[PDB]
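Trainee: Take the sequence shown: its position 185, counted from the start at 1, is 1280 in our numbering, and no numbers get skipped.
Even for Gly, the Cβ is constructed at its ideal location relative to N, Cα and C.
Here it is, the structure, as structure tokens.
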Amino acid sequence: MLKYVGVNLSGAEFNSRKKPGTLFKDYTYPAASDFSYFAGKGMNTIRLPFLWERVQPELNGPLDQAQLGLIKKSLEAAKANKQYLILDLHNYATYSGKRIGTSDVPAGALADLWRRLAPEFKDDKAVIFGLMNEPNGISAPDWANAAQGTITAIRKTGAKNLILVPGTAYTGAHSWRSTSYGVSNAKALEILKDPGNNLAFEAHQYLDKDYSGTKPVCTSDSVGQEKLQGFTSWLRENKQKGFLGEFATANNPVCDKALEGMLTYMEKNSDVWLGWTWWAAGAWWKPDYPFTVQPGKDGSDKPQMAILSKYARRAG
């Protein structure tokens, strides 16, 4: 009874340094056959990272027609495979290195981006709007405010699509109630109003000591379940819905158990969780990269795909 299950198809957000960058050299979009492979593994949802700098080359300026065309090409692959596509603005609350909220990048500039992007997808039932990947270094109240302005902007254009709203502090599920970074995401995001009434809160969760995914280690076989509880609790209290936009475990016995506990957790908490997308797949991950579920050239599954498919087919 979970609605959305799938993967991040990573590639378009690579080498963020190179603006605008060259297609096939600095970044890539996924092949139609990738969409097909994951749909065959029972996954109905693709999160698609792309760069703000690539889609809108000038702040408040018109959209790049070529980059928009590549996004639309990915959508037709998703639609054919009966999949949902999350448009993920993979930008860490920055545009060309400068934070949202500064006089270089005002809050209304993010609102302008989505004001332009939304009506391009307003009919498509397969398109979900992911406002910003992992905001950080901006206070929770200030970020919440920028999220609100963006939401208002999207709904003004007539778009009724699901909006995925992140918090600050890298939108970690573990730290949702914490006051270590100031006013919590929990307290700051209470104020949010959506006139379209189609909102969910995007959280990310990794299982190493510092919850970043820089180490291929899970700290215990149950750490996933424990770190989601504050957020799940919050969603239930507030009659809100949640999404696990990014999460990953390495290929080892302890990590495999932790992944199973986590996916079982979201299944029994499906009253508030709308679903999850794994980090990651895409043709540009190295062989030794611990989190890849991109199939080999021969077409064989990566080790974690076995567990992922089991739970993917349990949903829909």
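Given a cut-off of 8 Å, decide if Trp1209 and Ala1239 are closer than it, judged by their beta-carbon atoms.
Mentor: Going by C-beta atoms, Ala1239 is not nearer than 8 Å to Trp1209.
Trainee: Smallest Cα separation from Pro1398: which of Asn1347, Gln1335, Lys1114 and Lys1174?
Mentor: Comparing Cα positions, the closest option is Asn1347.
Trainee: Restricting to Cα atoms, I'd like to know which of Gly1308, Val1150, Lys1352 and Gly1337 is closest to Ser1315.
Mentor: The shortest C-alpha separation from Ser1315 is found at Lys1352.
Trainee: State yes or no: is the beta carbon of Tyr1122 nearer than 8 Å to at least one beta carbon in chain D?
Mentor: In the structure shown, chain D cannot be found, because there is only a single protein chain.
Trainee: Let me know the beta strand (DSSP E) ranges lying completely inside the segment 1114–1164, each 3 residues or longer, listed in chain order.
Mentor: Here the runs fully enclosed are 1140–1145.
Trainee: Alpha carbon to alpha carbon, what distance is there between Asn1280 and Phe1338?
Mentor: C-alpha separation (whole angstroms): 15 Å.
Trainee: With distance defined between alpha-carbon atoms, name the residue in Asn1176, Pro1115 and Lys1193 nearest to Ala1126.
Mentor: Residue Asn1176 is the option with its Cα nearest to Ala1126.
Trainee: Cβ atoms of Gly1356 and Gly1319: under 8 Å apart, would you say?
Mentor: Their beta carbons are under 8 Å apart, which means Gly1319 touches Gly1356 by this criterion.
Trainee: From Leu1158 to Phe1326, what does the alpha carbon distance come to, in whole angstroms?
Mentor: Rounded to the nearest angstrom, the two C-alpha atoms are 35 Å apart.
Trainee: Excluding sequence positions up to five away, which residues of its chain have a Cβ less than 6 Å from the Cβ of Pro1230?
Mentor: The residues are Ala1188, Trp1238, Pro1261 and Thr1263.
Trainee: Could you give the distance in angstroms between the alpha-carbon of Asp1366 and the alpha-carbon of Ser1128?
Mentor: Those two C-alpha atoms are separated by around 33 Å.
Trainee: Is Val1312 helix, strand or coil when you go by DSSP?
Mentor: Correct three-state label for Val1312: coil.
Trainee: Following the continuous alpha helix (DSSP H) through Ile1402, name the residue where it begins and the one where it ends.
Mentor: Start and end: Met1400 to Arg1408.
Trainee: What's the call for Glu1297, buried or exposed, on a 16-neighbour Cβ count within 10 Å?
Mentor: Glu1297 should be labelled buried.
Trainee: Does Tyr1384 pass the burial test, meaning 16 or more other C-beta atoms within 10 Å, or should it be called exposed?
Mentor: Result: exposed.
Trainee: Under 8 Å by Cβ, that's how I've got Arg1408 and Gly1137 pegged, so tell me the actual separation to the nearest angstrom.
Mentor: Yes, they are in contact, since the Cβ atoms of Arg1408 and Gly1137 sit about 4 Å apart, within 8 Å.
Trainee: So what's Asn1240 in DSSP terms, helix, strand or just coil?
Mentor: Of the three classes helix, strand and coil, the one that applies to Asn1240 here is helix, per DSSP.
Trainee: Along the alpha helix (DSSP H) that carries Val1318, what are the first and last residues, could you check?
Mentor: Segment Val1318 to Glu1332, the alpha helix (DSSP H) holding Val1318.
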